[PDB]
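Chain by chain, the residues run as shown.
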Amino acid sequence: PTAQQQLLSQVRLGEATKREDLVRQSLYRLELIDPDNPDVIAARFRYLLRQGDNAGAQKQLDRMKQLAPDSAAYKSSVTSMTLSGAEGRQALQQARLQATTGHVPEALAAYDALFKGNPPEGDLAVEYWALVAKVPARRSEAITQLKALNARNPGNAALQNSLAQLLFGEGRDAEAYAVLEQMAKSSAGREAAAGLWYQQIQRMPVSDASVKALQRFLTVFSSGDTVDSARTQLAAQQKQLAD
């Protein structure tokens with residue numbers, strides 16, 4: 001990976017862990033390396049917003065507006081700026097209200113009204129693109145956005161889970177297998193990754209390819225309890241060949 005990418009990723013880590021040391025450091029080197037990068041400008045934009053300096057924030061916003069007006073970074077920053085205070089804040093409060101009470105189409109409608117297709121960075125983007133993924137039509141572009149969030153903020157069990165199941169739901173098994181292996185190198189979700197990689201084996205008829213799929217599952221997962229059942233039924237499956 002580049003150094004900019006590592007610095008920006010450290011910015012996101014610092015943002016996530018409420019440590020503005022890291023944010024400060026990474027920003028400090030970033031604005032010397034690539035001062036006009038909309039991702040860097042957006043990073044400072046968010047920082048200035050956290051410190052309640054809406055003036056400096058706004059200046060950075062304008063800088064982005066004259067530098068990259070149709071970048072995801074700019075419009076996402078615009079959204080965070082809308083939610084920075086007052087009306088937008090409560091719009092969100094209402095969207096999440098209908099989101100939690102189970103008014104899903106209403107909730108999606110409100111979120112569409114606020115984020116207008118570019119949610120503010122962080123977990124809200126995950127929530128939004130997951131909610132949007134619930135719509136059959138919009139599902140595929142939303143899947144694309146989710147894959148992006150997976151590449152930008154790695155290590156999210158829940159996101160990887162939803163992404164894997166979505167990709168299965170659209171017959172994109174290779175990619176879903178990939179997300180399952182990514183969920184397999186990290187401890188948080190192995191049982192889940194195994195669980196999904198073992199409800200795809202149940203849906204294929206006992207066959208040679210069934211067997212090879214199950215043994216491949218056996219090279220990806222070592223232990224667990226789906227693994228034990230995988231071995232048991234693997235033996236049974238390959239014994240069932242030749243009567």
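Method of determination, as annotated in the archive: X-ray crystallography, at 3.272 Å resolution.

Student: I would appreciate a short explanation of the overall build of the protein chain in the present structure.
Tutor: Of the regular secondary structure elements, the protein chain holds 14 helices and zero strands. What you see in the protein chain, going N to C, is helices and strands ordered as α-α-α-α-α-α-α-α-α-α-α-α-α-α. Taken along the three principal axes of its C-alpha coordinates, the protein chain extends 75 × 40 × 25 Å. When each of the 243 residues of the protein chain is scored for burial, the buried share is 39%. Of the contacts formed within the protein chain by residues at least 6 apart in sequence, a portion of 42% connects residues at least 24 apart. Of the charged side chains in the protein chain, 28 are positive and 26 negative; the average position of the first set lies 2 Å away from that of the second.

Student: Whenever I open this one, the side chain of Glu15 confuses me. Can you help?
Tutor: Along the polypeptide, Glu15 turns up in helix α1 (residues 3–16). Within the structure, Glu15 has its side chain in polar contact with the side chain of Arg50 (distance 3.3 Å). With near-sequence residues (within four places) excluded, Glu15 lies in contact with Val23, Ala43, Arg46 and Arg50.

Student: Got a minute to help me understand helix α13 (residues 208–220) in this structure?
Tutor: Counting along an α-helix, one turn takes 3.6 residues, and residues three or four places apart therefore face a common direction. Taking 1.5 Å of rise per residue, 13 residues should cover 18 Å, and α13 covers 19 Å from first to last C-alpha, within 8% of that figure. Here α13 has its buried residues at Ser210, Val211, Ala213, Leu214, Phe217 and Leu218. Angularly, the buried residues of α13 cover 165° about the axis, an arc narrow enough to put them on a single face. Facing away from the buried side of α13 by more than 90 degrees, the exposed set consists of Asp208, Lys212 and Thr219. If you follow the buried residues of α13, they end up packed against α12 (190–196) and α14 (226–239).

Student: I would appreciate a short explanation of unusual backbone geometry in the present structure.
Tutor: Generally, phi is negative for residues other than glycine and the peptide bonds are trans, each holding for most cases. Positive phi values are uncommon outside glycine, yet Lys18 reaches one of about 55°. Structurally, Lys18 can be placed in the loop between α1 and α2 (20–33). You can call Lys18 exposed: its relative accessible area is 74%. Its identity is not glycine, yet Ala86 carries a phi of approximately 50°, on the positive side.

Student: Just checking my understanding: could you explain the pattern of salt bridges for this structure?
Tutor: Pairs can form between side chains of opposite charge once their charged atoms are near each other. Summed over the entire model, instances satisfying the criterion amount to 12 salt bridges. The shortest N-O distance in the salt bridge between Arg19 and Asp21 comes to 2.7 Å. Across the pair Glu121 and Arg152 runs a salt bridge whose closest N-O atoms are separated by 3.4 Å. With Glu121 in the loop between α7 (104–115) and α8 (123–133) and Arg152 in helix α9 (residues 139–152), this residue pair connects regions lying 31 residues apart in the sequence. Salt bridges sharing common partners tie together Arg12, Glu15, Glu20, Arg46, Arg50, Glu121 and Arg152.

Student: I keep staring at the nonpolar core and nothing clicks. Help me out?
Tutor: Most often, soluble globular proteins have nonpolar side chains that are buried together. Core analysis: the biggest nonpolar cluster contains 44 residues, and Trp129, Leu146, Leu149, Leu180, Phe217 and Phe221 have the highest contact counts within it. Those elements that provide at least two residues to this core are α7, α8, α9, α10 (157–169), α11 (173–185), α12, α13 and α14. Ignoring any residue separated from it by four or fewer positions in sequence, one finds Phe221 in contact with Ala184, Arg190, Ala193, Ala194, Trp197 and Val227. Listed in part, the 20 residues of the second largest apolar core include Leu7, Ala42, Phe45 and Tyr74.

Student: What is the right way to read empty space enclosed by the protein from this model?
Tutor: Here the idea is plain: a probe the size of a water molecule rolls over the atoms and shows the empty space left. Scanning the model with the defined rule gives one cavity of 30 Å³ or more in all. Counted as a void, the largest cavity has a volume near 30 Å³. Listed by contribution, the elements that provide at least two residues to the lining of the largest cavity are α1 and α3 (38–50). When the residues that make up the lining of the largest cavity are grouped by side-chain class, the tally is three nonpolar, no polar and five charged.

Cut-off values and rules
- Residues numbered from 1 in each chain as written, not as in the entry; some residues may be left out.
- Heavy atoms only, no water.
- Helix = DSSP H or I, 4+ residues; strand = E, 2+ residues; numbered from the N terminus.
- Buried < 20%, exposed > 50% of the residue type's maximum accessible area, 1.4 Å probe, protein only.
- Contact = heavy atoms within 4.5 Å.
- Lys, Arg positive; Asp, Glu negative; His and termini not counted.
- Charge placed at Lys NZ, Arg CZ, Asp CG, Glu CD.
- Polar contact = N/O pair within 3.5 Å; in protein donor to acceptor, adjacent residues only side chain to side chain.
- Expected span 1.5 Å × (residues − 1).
- Arc of directions from axis to C-beta.
- Salt bridge = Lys/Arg side-chain N within 4 Å of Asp/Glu carboxyl O.
- Core = buried A, V, L, I, M, F, W, Y, C linked by side-chain atoms within 4.5 Å.
- 1 Å grid on protein atoms, 1.4 Å probe; cavity = no way out; pocket = protein on both sides within 12 Å on 5 of 7 lines; lining within 4 Å.
- Points joined across faces, edges and corners; volume = space filled by probe spheres on them.
- Nonpolar A, V, L, I, M, F, W, Y, C, P; charged D, E, K, R; others polar.

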